[PDB]
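Presented as structure tokens, the chain that follows is alone, the form deposited in one PDB entry.
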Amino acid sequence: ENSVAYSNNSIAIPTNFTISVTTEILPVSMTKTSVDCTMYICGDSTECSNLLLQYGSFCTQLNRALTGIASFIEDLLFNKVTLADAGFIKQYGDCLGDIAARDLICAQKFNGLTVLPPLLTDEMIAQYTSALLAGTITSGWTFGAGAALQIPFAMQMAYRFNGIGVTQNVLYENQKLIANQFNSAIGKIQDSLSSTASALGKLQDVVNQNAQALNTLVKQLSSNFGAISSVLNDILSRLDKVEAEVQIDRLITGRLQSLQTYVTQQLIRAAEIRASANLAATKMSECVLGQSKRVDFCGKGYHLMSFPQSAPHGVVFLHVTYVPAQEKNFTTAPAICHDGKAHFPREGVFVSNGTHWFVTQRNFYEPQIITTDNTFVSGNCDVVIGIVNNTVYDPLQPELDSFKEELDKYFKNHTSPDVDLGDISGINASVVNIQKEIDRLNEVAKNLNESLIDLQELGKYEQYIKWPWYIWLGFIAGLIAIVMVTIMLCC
């Protein structure tokens, strides 16, 4: 049997003693300590302090836990007379030539009318008057047979009336046309001017109506942009505040964890103090009011007397004990197996003086003889095995899963799409250029002066006072006289 219960070992048994006085101090209570969370967490920060009021009454709940702890020639000579011929006077000129006696010989036949020019030179006037007078004179002499010379007087007069009427007829038709065209043209121009005037009025009304529409739109747009700008500024200021408070809230939460551990460690320490107060209670009853047989309880050594003494937050004991002065090792065995019967001492140890065995108290060397009423006897020599694991309570720690798995249960991952606004850069509002037309109108207005009729040029009775024949002789005679003198002048 090589068990620890029979094999002997050397232990030191005291032989001489000395007195010791042991001062033992045991806390029994702790000071009541509060904590203001505003100073602990924020302190001097005003932003933190304002946000902390929204966190509730956690401070008074934490303090509650801590509180409970405690051629060159003709032009020169003859006067020129122009006539408007309707188509017969030119042939009359070929008829006549110069001979005035052929005035009636060939009168032109115009569209069935025998016509003659209205012109009557002095040669013809004398000829016709002489014919008229000769007929009247000779009628009486010849019993009226000599009246036939009055016929050319009448025939020429009637023919000239036809010749005057023929050209007068076209003059009247021309004047009727000129008057009718002038009235019609003025009528058409009046229509155009009224049309232009009404068109301009319709243009002005629309241009001004669109001018008010643009002005109204611009004024309304400015109000809309003012309202949008003011709303945007408020949103940005609110957004800035929220983003600041969120970061501050993160630090407040993180510092709340440190405050929580500070409270927890204070509560745990109070529990340890309460256990120390329980120990001081037993020490007061077991050491002050009695004598303890337990070694090192009530001071190191073996108890004699103890004296309590108060402390500010604890209790102080002055244990009077006797401790060993000198000791020597002795060969001791817990039990000895004598022929299969284990013997062990009751209240003692088996000490050996080298040869025999003895029973002595554990705290003093005083060998005694082993007697029947000094030791117990066991039937067998075997031993009983027991195991005692004084384990402390193993806590059930949290079993958190992955952060992503916990987040995915209720997370709302959202992304706002970009604001898409219509593009108005394609609006043209083109311009107009009509300067060429305006220049044309101003040019025609200036040029319309040239179409004015000169009233001084209309009734123009042109007349040249040609030289009479008797001065032509004098001019010729004088011209000859003014050169014959030069004959003598040269020499």
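The term rigid core refers to the maximal set of C-alpha atoms that superpose within 1.5 Å between the two forms. Residue numbers run from 1 along the displayed sequence.
The form deposited in another entry exists for this protein as well; it is not shown, and the discussion that follows is about that form.
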property: Comparing forms between this form and the one not shown after core superposition, the one residue of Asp394, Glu173, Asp408, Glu347 displaced by 2 Å or more at CA; result: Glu173
property: Core-superposed C-alpha of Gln61 shifting 2 Å or more between this form and the one not shown; result: no
property: C-alpha of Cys381 off by 2 Å or more between this form and the one not shown on rigid core; result: no
property: Yes/no, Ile480 Cα shift of 2 Å or more between this form and the one not shown with rigid core fixed; result: yes
